[PDB]
């Protein structure tokens, strides 16, 4: 019953589909993270001492996560810090905390709590000065295994850096013109980061 300016309708549509693009991307990475972490073999070879031979050399948690799945950062963390790091498909000694603005302990504790509900967590992070989607889930074995203490579980972390190419393809997948990191246009904040995504509308 309220007539609206056409520019206002297109601006609302663009905001709706930018938010949906981010939301669908997060939920999908959450299930992907749970697929890799709710895994008995992952629990054996990554939940205690990190077997980088099994993870990287044998490609059970290796470079394909970057060259195929596009996760610029794959990490295993526990109470002592980063136990395994793969940046751009290569093994690294760099910790998760050094590459993030968010608190690593908060990520560890939150992922352990979500695992109770068979869930992962996600959030936006500042990843080396760039916006990124972070998902994390506890490393635990499946129900056929004897129960473990989720309070001491290691946590698997997948970092999705929103590069200009990724934003260009993601916006195209949702019909949004010139989705980019804001350096007139529409914009929204990635909460928990200083970054804002912008687009034409």
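Residue numbers count along the first chain shown, from 1.
Chemist: Please count the deposited residues lying between residue 183 and residue 184 that the model leaves without coordinates, and give the class: none, 1 to 3, 4 to 9, or 10 or more.
Modeler: The entry has a gap there, with 4 to 9 residues left out between residue 183 and residue 184.
Chemist: Higher average CA B factor in the deposited record is what I'm after, so tell me if that's 190-198 or 2-10.
Modeler: Averaged over C-alpha atoms, the B-factors run higher in 2-10.
Chemist: Give the stretch, out of 120-128 and 97-105, with the larger mean C-alpha temperature factor in the deposited entry.
Modeler: Comparing 120-128 with 97-105, the higher mean C-alpha B-factor belongs to 97-105.
Chemist: Among 42, 162, 135, 168, where is the Cα B factor highest in this entry?
Modeler: Answer for 42, 162, 135, 168: 168, with the highest C-alpha B-factor.
Chemist: From 155, 52, 151, 176, can you pick the one with the highest C-alpha B factor in the entry?
Modeler: Within the set 155, 52, 151, 176, 151 shows the top C-alpha B-factor.
Chemist: Can you tell me which third, lowest, middle or highest, the CA B-factor of residue 141 falls into for its chain?
Modeler: Within its chain, residue 141 is a lowest-third residue by C-alpha B-factor, going by the deposited values.
Chemist: Ranking the modelled residues of this chain by C-alpha B-factor as given in the entry, is residue 112 in the lowest, middle or highest third?
Modeler: Lowest third, going by the recorded CA B-factors of the chain.
Chemist: Please say which third, lowest, middle or highest, residue 63 falls into when its CA temperature factor is compared across its chain.
Modeler: For residue 63, the deposited C-alpha B-factor lands in the highest third.
Chemist: Looking at the entry's B-factor column for C-alpha atoms only, identify whether residue 48 ranks in the lowest, middle or highest third of its chain.
Modeler: For residue 48, whose C-alpha B-factor we compare with every modelled residue in the chain, the answer is the highest third.
Chemist: Check where residue 57 lands among this chain's C-alpha B-factors and tell me if it's the lowest, middle or highest third.
Modeler: As the PDB entry reports it, the C-alpha B-factor of residue 57 lands in the lowest third of its chain.
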